[PDB]
6 protein chains.
Amino acid sequence: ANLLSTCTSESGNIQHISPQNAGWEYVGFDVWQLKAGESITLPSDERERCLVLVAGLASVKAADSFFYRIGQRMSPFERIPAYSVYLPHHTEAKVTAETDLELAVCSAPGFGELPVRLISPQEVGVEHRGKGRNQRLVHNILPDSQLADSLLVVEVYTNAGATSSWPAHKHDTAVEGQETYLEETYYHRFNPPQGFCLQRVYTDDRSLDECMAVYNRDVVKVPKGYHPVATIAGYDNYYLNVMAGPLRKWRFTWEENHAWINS
Amino acid sequence: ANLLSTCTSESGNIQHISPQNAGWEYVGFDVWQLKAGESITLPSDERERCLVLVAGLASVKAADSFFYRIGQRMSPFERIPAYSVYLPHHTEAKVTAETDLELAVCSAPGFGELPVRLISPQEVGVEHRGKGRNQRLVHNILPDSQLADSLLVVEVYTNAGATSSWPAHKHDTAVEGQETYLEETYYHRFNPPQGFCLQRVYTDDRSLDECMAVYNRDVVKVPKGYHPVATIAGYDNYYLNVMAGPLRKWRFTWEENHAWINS
Amino acid sequence: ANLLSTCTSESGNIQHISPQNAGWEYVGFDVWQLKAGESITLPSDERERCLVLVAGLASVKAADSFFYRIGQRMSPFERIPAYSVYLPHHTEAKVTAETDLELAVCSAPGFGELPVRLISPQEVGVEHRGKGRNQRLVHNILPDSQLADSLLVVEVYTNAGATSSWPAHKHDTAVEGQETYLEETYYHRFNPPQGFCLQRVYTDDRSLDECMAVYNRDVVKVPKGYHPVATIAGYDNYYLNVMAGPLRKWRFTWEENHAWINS
Amino acid sequence: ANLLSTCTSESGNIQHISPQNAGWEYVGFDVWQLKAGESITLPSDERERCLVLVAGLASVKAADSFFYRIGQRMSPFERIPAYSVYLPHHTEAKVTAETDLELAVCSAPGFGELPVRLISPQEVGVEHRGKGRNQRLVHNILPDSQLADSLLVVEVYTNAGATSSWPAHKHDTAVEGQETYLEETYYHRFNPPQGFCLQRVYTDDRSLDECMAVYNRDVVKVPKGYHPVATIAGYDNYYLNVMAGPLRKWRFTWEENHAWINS
Amino acid sequence: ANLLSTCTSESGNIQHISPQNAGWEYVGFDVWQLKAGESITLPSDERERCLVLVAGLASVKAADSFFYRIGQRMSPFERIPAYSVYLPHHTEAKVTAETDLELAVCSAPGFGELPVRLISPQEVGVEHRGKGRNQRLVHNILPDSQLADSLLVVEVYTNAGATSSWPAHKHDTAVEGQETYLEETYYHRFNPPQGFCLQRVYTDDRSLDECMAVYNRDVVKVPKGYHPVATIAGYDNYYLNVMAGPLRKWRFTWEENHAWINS
Amino acid sequence: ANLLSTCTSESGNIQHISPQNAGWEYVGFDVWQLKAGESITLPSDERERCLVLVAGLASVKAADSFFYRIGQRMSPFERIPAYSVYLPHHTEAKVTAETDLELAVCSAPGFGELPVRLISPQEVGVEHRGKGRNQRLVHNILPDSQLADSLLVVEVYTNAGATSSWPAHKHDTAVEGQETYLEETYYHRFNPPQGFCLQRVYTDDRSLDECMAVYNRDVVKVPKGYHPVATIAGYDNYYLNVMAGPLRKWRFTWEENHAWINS
Ligand SMILES: [Cl-]
Ligand SMILES: [Cl-]
Ligand SMILES: [Cl-]
Ligand SMILES: [Cl-]
Ligand SMILES: [Cl-]
Ligand SMILES: [Cl-]
Ligand SMILES: [Cl-]
Ligand SMILES: [Cl-]
Ligand SMILES: [Cl-]
Ligand SMILES: [Cl-]
Ligand SMILES: [Cl-]
Ligand SMILES: [Cl-]
Ligand SMILES: [Cl-]
Ligand SMILES: [Cl-]
Ligand SMILES: [Cl-]
Ligand SMILES: [Cl-]
Ligand SMILES: [Cl-]
Ligand SMILES: [Cl-]
Ligand SMILES: [Cl-]
Ligand SMILES: [Cl-]
Ligand SMILES: [Cl-]
Ligand code: NI
Ligand code: NI
Ligand code: NI
Ligand code: NI
Ligand code: NI
Ligand code: NI
Ligand code: NI
Ligand code: NI
Ligand code: NI
Ligand code: NI
Ligand code: NI
Ligand code: NI
């Protein structure tokens with residue numbers, strides 16, 4: 001299975017993951033690397049979006065509003081929450097780079113009537129998950145406790161020598177009250193930039209079992225199974241995750257052999 | 001090519017095959033394993049459906065009707081026809097498990113105006129196909145001689161030591177008066193339950209040639225080519241098949257090397 | 001990655017490439033091999049089409065018109081431009097084979113209001129590209145300088161011992177003013193007919209690097225990367241290409257190591 | 001894994017399996033298809049051999065012995081035991097085809113001082129193994145109860161439909177008093193000749209799990225795991241097996257899930 | 001590539017890696033899991049050996065020497081050096097399990113005239129390599145500064161989270177004064193036992209790039225390239241390595257991008 | 001299959017192909033990239049060798065012979081024959097680089113008593129094979145009409161565009177008077193150096209069918225089948241081939257479909 005998508009270029013639409021090229025039904029994930037002064041226009045269509053400023057400042061025109069010079073961090077490694085913008089479906093938007101800009105466009109099916117809204121770093125829930133070699137900084141950009149039709153968005157910091165997305169969990173089957181089907185994308189970053197991590201996507205029966213050396217700005221698709229991330233000594237890791245499915249609830253099942261790591 | 005889809009769980013939506021994850025255009029196939037008292041709701045959308053009760057009893061609310069305790073067999077290995085329900089498109093339906101229930105939801109594009117209808121075991125055409133090591137019990141749940149927009153549904157019993165879907169046939173190309181393009185899914189069952197069969201999906205030129213060890217509740221996708229099933233001594237086999245394409249007619253071509261087995 | 005699609009049959013719809021089975025978003029490509037007197041009907045839908053007569057004569061009924069015995073060449077190897085027909089979306093059309101007919105149906109998303117139009121061999125721009133072992137005859141059936149919503153269509157002749165689609169170029173990423181995302185299909189032909197060529201689809205990082213022995217009437221899909229064609233001594237090559245993407249402009253980037261071959 | 005070796009030609013040394021090309025330590029297997037009057041010379045080396053006359057008549061000169069026009073069956077499908085000649089190591093041999101000849105040369109390490117000997121039909125143990133979809137005819141050409149340094153040779157007849165090398169067994173690990181490491185080759189034949197069977201080689205953890213479609217005169221290598229053969233309606237099967245390892249004792253372990261098929 | 005070898009059984013010769021099955025020239029690695037009172041005999045041949053008592057107590061008879069009840073640790077996770085016995089070539093040896101025993105037999109070509117010798121904990125060099133997420137305990141059982149014809153043997157302890165065989169190094173090419181060709185095996189163990197690590201074997205050009213999920217008692221073969229081990233939170237790792245080549249000198253090259261981690 | 005071996009380094013033993021790592025029985029091929037003043041020593045063993053000076057000057061000491069500063073061309077692309085030295089088995093040799101040196105060591109089993117000899121340009125048969133897109137320069141360094149126990153060595157120059165090892169031939173089966181089994185290695189070079197060619201290794205049944213993109217100093221292994229080389233406009237190609245088998249005679253069979261290209 002080919003779950004790894006390496007960047008296609010250095011500038012422009014460096015990552016383009018769609019339901020059509022991912023072989024799935026809900027999640028889309030795009031990254032644009034723009035120079036100061038450049039713009040993109042997002043269309044009025046049947047998809048809701050979450051614009052995540054990974055690095056740099058931007059101005060956004062949408063609905064009847066103008067949002068000027070949103071963003072703050074110049075690197076995701078500043079460890080301060082991303083500035084994001086929620087766009088409902090049927091919303092054309094123009095995004096202009098105020099500085100050089102690394103922009104994530106998270107997409108999923110849209111059908112509701114929520115308004116355009118800003119998700120500033122102060123609206124992002126911050127949590128420190130796990131203990132020891134399992135410690136991670138989590139920024140809940142768009143959790144299931146906040147409003148959206150489909151999208152669930154999170155960014156996670158895993159320092160070199162820690163394991164994250166671990167103990168192994170899956171969200172690949174609708175099992176009422178236990179688990180939901182949620183497609184998931186990982187957009188990875190490293191500090192220093194030449195680093196890599198090892199991500200493994202696997203099922204209990206191992207019918208799917210793929211390990212991948214993931215480098216800076218690579219995407220990993222998670223269509224099913226467990227999906228832990230093992231970082232490498234010397235290279236701090238960051239990832240931006242998008243999830244969506246038929247039911248917007250994060251319900252997962254832990255792999256039974258490793259569930260004791262939560263105790 | 002990955003044509004085999006093993007069950008993702010023991011309960012809930014254990015099989016979910018869609019045009020999007022199958023890499024094709026028409027056929028969808030879902031299996032739900034429900035405990036007595038649990039329900040699912042099927043949406044009003046652009047897909048027609050055939051609900052097939054593989055094992056157990058169910059109640060269905062659809063259109064202006066209530067169908068109570070439909071089904072009979074508690075195992076597909078009773079060798080009595082499944083109870084099924086035809087749902088046209090734009091038909092919301094609620095299915096409640098009266099007993100523990102193994103429910104197949106067969107789907108394809110819907111566009112007509114046929115009514116909701118019951119397909120009881122007495123409406124299922126029963127035929128005994130082949131002679132010797134080629135003998136099989138066939139239950140024509142929804143054949144091309146019965147009404148539906150797209151769906152063709154059949155279940156077949158192949159006793160241990162027989163070959164079925166054989167002599168090799170294909171339905172992967174529109175060839176006027178000879179063959180139709182029909183995507184096909186296989187949902188396999190074994191008695192005793194720990195068994196397997198060997199299914200081979202292959203083209204004449206062998207550009208596609210994949211053999212698979214298929215276990216209990218596994219799905220095989222047939223996007224093209226010949227697709228025979230070789231059963232194993234000691235393990236009786238059952239499969240539930242769904243087909244659909246642009247033209248709802250079962251027209252196939254026999255592999256010429258093995259066509260003499262029909263003589 | 002499986003980028004090669006060999007013919008499924010000798011007659012009827014011998015090639016059927018869709019966004020759904022290609023794992024992409026825009027381009028569809030069909031070939032029909034029809035005997036004199038046979039017909040097909042193309043539907044009124046949301047796709048625009050370019051009918052390309054690869055070999056043989058046809059009559060077309062579309063919109064309020066009847067086009068009788070269009071075509072001329074009985075083989076693509078006559079090296080005279082194909083006769084083609086542009087069909088906008090929402091246009092049902094009936095195509096009848098006047099002689100035995102090899103018909104290419106090129107498709108992409110349609111949304112405009114252009115009329116049905118004939119593209120006769122006299123409307124096709126003819127150019128001789130390259131020098132020496134890089135020489136090729138190019139027929140611009142439907143270039144970006146002519147009108148269509150999405151479709152770009154070209155046919156190219158590469159004589160045995162020449163390389164084409166070379167120096168290596170890619171059109172797989174939206175990079176403003178430099179490159180566009182364009183899915184591309186290749187439909188290959190050989191003279192004598194038992195020949196083959198070697199086509200390689202690869203990225204700069206080699207995460208994708210697939211070489212393929214392509215035979216008569218085979219299709220190669222190009223979802224991303226560089227995609228040169230190396231012909232074989234004794235076997236002249238022909239290919240028919242279809243491209244489409246979000247922006248109908250042919251903008252590509254040359255692989256830097258081989259760009260000097262243009263000098 | 002690559003366990004299937006198809007014939008490289010119709011005449012001469014059509015099968016050549018060596019420890020060097022098999023990725024293992026002991027077993028060699030060669031097939032020679034000779035016309036009446038042709039000969040081959042086997043060298044004096046460190047390997048013992050068992051020359052199996054699969055079909056046709058041959059004369060064999062080795063050491064102080066000459067065997068004139070030995071053989072009987074003109075096809076393995078006569079279901080009568082083969083003639084064979086055991087050759088110790090350091091024994092040059094000349095084999096002359098008296099009729100058209102299909103000759104199997106089974107080889108393994110030699111170190112002893114056994115004499116050259118004929119293994120006529122009268123020295124072959126004939127047995128019927130299993131009941132029903134499991135009943136095969138077995139010819140023990142060179143069992144562990146007869147003399148050789150390393151070689152174990154058997155031929156088996158599996159009628160169309162039936163499963164052989166079943167219930168699944170393995171002989172891939174030295175487990176004192178339970179199992180021995182024995183490399184194994186299968187040389188397959190079909191009646192009628194255009195047939196195939198499905199052979200699956202797999203381990204308990206499925207780290208190796210390969211199913212292959214086996215045609216006439218193909219060889220399957222079994223370096224480890226379970227290795228059952230599933231035959232296809234209409235096509236009777238035959239195979240000639242060679243085994244060897246560090247300990248010349250046929251000790252195997254049954255896969256636990258299917259062991260009940262022996263009771 | 002197929003670099004992972006999982007255990008073939010729970011008892012007996014659970015690991016058997018040979019130059020013939022590894023696709024290389026020097027290194028052999030065997031593991032024997034024996035019950036108290038069981039024995040094995042190692043042959044007199046052209047290979048030298050290093051018998052490593054991974055866990056448990058053993059007696060060893062070889063040439064004019066008898067070692068009674070050597071060993072100490074009942075688990076490799078006691079973090080105390082193993083007892084080992086060096087055997088020159090042409091030296092038959094009998095190993096008797098005094099307790100349940102996990103025995104590693106490390107082999108390589110032998111040509112010299114060194115005597116049989118005990119390598120007790122007092123002859124094992126103990127060192128701590130690296131700082132933080134990089135700090136491992138290393139036991140030099142048989143380094144290049146001690147006597148053997150070919151064999152180099154080391155065991156390493158990597159605590160959960162940490163990265164070992166890192167910064168990435170290779171020893172796959174004879175480069176005078178810089179690097180030697182050395183085949184390498186890894187025999188992995190976990191505490192608790194149900195754990196895994198992720199090991200990646202890769203070259204600078206990524207022509208080889210394999211990441212594998214390694215479980216308890218699995219073997220990884222390193223025929224060339226970089227080969228770091230990434231451990232997982234909760235699961236401590238241990239591995240026993242064997243190396244050999246034409247020149248018995250441990251000379252390696254660091255991957256240039258990660259060499260800074262040594263400063 | 002894995003038939004391509006890319007260089008492991010820029011200096012030293014950049015190519016090391018052995019029967020053990022190639023999965024075959026006879027051919028060994030090594031390349032050494034040495035700086036002026038460096039030396040290597042070839043051992044006294046059971047292999048005969050042909051030392052080919054691909055580029056640069058070398059002195060060779062072997063048995064009672066010393067060859068001082070032999071060689072001439074500083075690049076294979078000078079299109080003048082190489083100097084080579086034939087070494088029988090049991091012959092230790094010292095090779096000193098007099099200038100920077102690219103040295104090929106071709107090896108195969110040795111058993112005879114031929115003397116050490118120089119193969120100077122005057123002993124190399126020069127021939128031009130084929131017409132047009134098929135015309136190559138061939139240097140028969142060590143043909144079957146010259147003396148050696150096993151080795152067959154040739155170098156071929158294929159100008160950009162042209163196809164070589166074409167029409168397709170195979171030498172993979174002993175067929176008396178028609179074909180011999182001969183393993184074959186290709187050591188490729190390009191001018192300019194950043195180029196590539198496409199080489200396809202395939203059998204008549206396509207059970208093996210591998211096309212690879214070959215770059216400067218890469219090696220392709222041909223264990224069986226047809227093996228043509230398709231060059232790319234702008235990049236001239238060179239390759240040095242080594243062959244050996246049980247019978248030192250170059251006998252091949254042409255693929256029937258392309259045999260007409262010889263007329
Ligand atoms: Cl949309
Ligand atoms: Cl996490
Ligand atoms: Cl739920
Ligand atoms: Cl729908
Ligand atoms: Cl059937
Ligand atoms: Cl029809
Ligand atoms: Cl449409
Ligand atoms: Cl071109
Ligand atoms: Cl642009
Ligand atoms: Cl005798
Ligand atoms: Cl007789
Ligand atoms: Cl059997
Ligand atoms: Cl035993
Ligand atoms: Cl001693
Ligand atoms: Cl002691
Ligand atoms: Cl280390
Ligand atoms: Cl050195
Ligand atoms: Cl001499
Ligand atoms: Cl000279
Ligand atoms: Cl040639
Ligand atoms: Cl010959
Ligand atoms: Ni709406
Ligand atoms: Ni997740
Ligand atoms: Ni409707
Ligand atoms: Ni079918
Ligand atoms: Ni419209
Ligand atoms: Ni292109
Ligand atoms: Ni002897
Ligand atoms: Ni066996
Ligand atoms: Ni000795
Ligand atoms: Ni190492
Ligand atoms: Ni000798
Ligand atoms: Ni050749």
Side-chain angles (χ1 to χ4, degrees), chain C residues 7 11-15 29-42 48-88 91 93-107 114-121 123-129 135-143 145-148 151-160 164 185-193 195 216-219 235-242:
Chain C
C7 273
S11 65
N13 187 205
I14 69 175
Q15 285 292 355
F29 182 72
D30 288 272
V31 181
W32 295 87
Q33 196 70 247
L34 306 177
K35 291 294 187 187
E38 298 178 335
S39 294
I40 64 168
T41 299
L42 300 166
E48 61 172 16
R49 291 170 175 90
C50 188
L51 309 186
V52 179
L53 288 56
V54 178
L57 312 184
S59 290
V60 179
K61 177 194 181 175
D64 286 327
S65 299
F66 308 84
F67 309 117
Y68 296 109
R69 298 151 184 260
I70 57 160
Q72 173 179 347
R73 76 194 189 193
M74 300 306 288
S75 170
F77 294 99
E78 290 186 28
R79 301 173 68 92
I80 64 176
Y83 203 117
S84 306
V85 184
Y86 171 82
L87 304 175
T91 308
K94 183 166 171 183
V95 183
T96 298
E98 295 288 356
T99 69
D100 290 351
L101 179 72
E102 182 188 0
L103 178 72
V105 183
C106 312
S107 68
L114 292 168
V116 167
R117 80 168 187 283
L118 303 172
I119 308 169
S120 72
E123 281 90 59
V124 177
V126 175
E127 56 177 354
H128 289 88
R129 197 144 70 196
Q135 296 170 224
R136 305 137 291 183
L137 175 60
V138 178
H139 293 163
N140 290 118
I141 292 161
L142 187 46
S145 54
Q146 291 292 304
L147 300 175
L151 289 162
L152 298 163
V153 183
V154 61
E155 59 182 15
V156 175
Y157 300 77
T158 315
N159 294 347
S164 60
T185 58
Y186 281 66
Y187 173 63
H188 288 265
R189 303 288 262 91
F190 301 90
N191 186 40
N216 201 33
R217 302 186 165 82
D218 288 350
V219 168
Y235 295 114
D236 290 336
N237 176 250
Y238 159 97
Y239 48 84
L240 177 64
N241 298 136
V242 179

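Letters go in sequence order (proteins before strands), and every chain restarts at 1.
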[X] versus [Y], closest heavy-atom pair with distance:
X: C50(C); Y: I141(C); value: SG-CG2, 4.1 Å
X: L101(C); Y: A58(C); value: CD2-CB, 3.8 Å
X: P81(C); Y: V126(C); value: CG-CG2, 4.1 Å
X: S39(C); Y: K94(C); value: OG-CE, 3.6 Å
X: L240(C); Y: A104(C); value: CD2-CB, 3.5 Å

I need the [X] [atom1] to [Y] [atom2] distance, nearest 0.5 Å.
X: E102(C); Y: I14(C); atom1: CD; atom2: CD1; value: 6.0 Å
X: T158(C); Y: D236(C); atom1: OG1; atom2: CG; value: 9.0 Å
X: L137(C); Y: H128(C); atom1: CG; atom2: NE2; value: 4.5 Å
X: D218(C); Y: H188(C); atom1: CG; atom2: NE2; value: 8.5 Å

Q: Kindly write out the residues that satisfy side-chain contact (heavy atoms from CB on, under 4.5 Å) with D30(C), not counting sequence neighbours, or none if the list is empty.
A: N13(C), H16(C), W32(C), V105(C)
Q) Distance only, no hydrogens: is a donor on one side chain within 3.5 Å (strictly under) of an acceptor on the other, for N237(C) and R189(C)? A) no
(Q) Is a donor from one side chain sitting under 3.5 angstrom from an acceptor on the other, for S120(C) and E123(C)? (A) yes
Do [X] and [Y] make a side-chain contact, defined as non-hydrogen atoms from C-beta onward lying under 4.5 Å apart?
X: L103(C); Y: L53(C); value: yes
X: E127(C); Y: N140(C); value: yes
X: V95(C); Y: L34(C); value: no
X: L147(C); Y: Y86(C); value: no

Determine whether a donor-acceptor pair (N or O, by modelled atom type, separation under 3.5 Å) exists between the side chain of [X] and the backbone of [Y].
X: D100(C); Y: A36(C); answer: yes
X: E48(C); Y: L151(C); answer: yes
X: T99(C); Y: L57(C); answer: yes

Q. Could you go step by step and tell me if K35(C) and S11(C) meet the side chain to side chain contact (heavy atoms under 4.5 Å, CB included) rule?
A. CA-CA 8 Å; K35(C) 291 294 187 187; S11(C) 65; over 6 Å; no
Q: List the steps and the verdict of side chain to side chain contact (heavy atoms under 4.5 Å, CB included) for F29(C) and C106(C).
A: CA-CA 5 Å; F29(C) 182 72; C106(C) 312; 4.3 Å; yes
Atom pairs and distances, donor-acceptor, side-chain atoms in residues 60-74 of chain C, under 3.5 Å, two or more places apart:
from	atom 1	to	atom 2	distance (Å)
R73(C)	NE	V54(C)	O	2.9
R73(C)	NH1	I80(C)	O	2.8
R73(C)	NH1	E155(C)	OE1	3.4
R73(C)	NH1	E155(C)	OE2	2.9
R73(C)	NH1	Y157(C)	OH	3.1
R73(C)	NH2	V54(C)	O	3.3
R73(C)	NH2	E155(C)	OE1	2.9
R73(C)	NH2	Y238(C)	OH	3.4

Q | CA sep, side-chain torsions, deciding dist, call: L51(C), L42(C), side chain to side chain contact (heavy atoms under 4.5 Å, CB included) | A | CA-CA 10 Å; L51(C) 309 186; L42(C) 300 166; 3.3 Å; yes
Q | Ring centre gap for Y235(C) and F190(C) strictly below 6.0 Å | A | no
Q | Candidate pair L118(C) and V85(C), rule side chain to side chain contact (heavy atoms under 4.5 Å, CB included), full reasoning | A | CA-CA 5 Å; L118(C) 303 172; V85(C) 184; 4.0 Å; yes
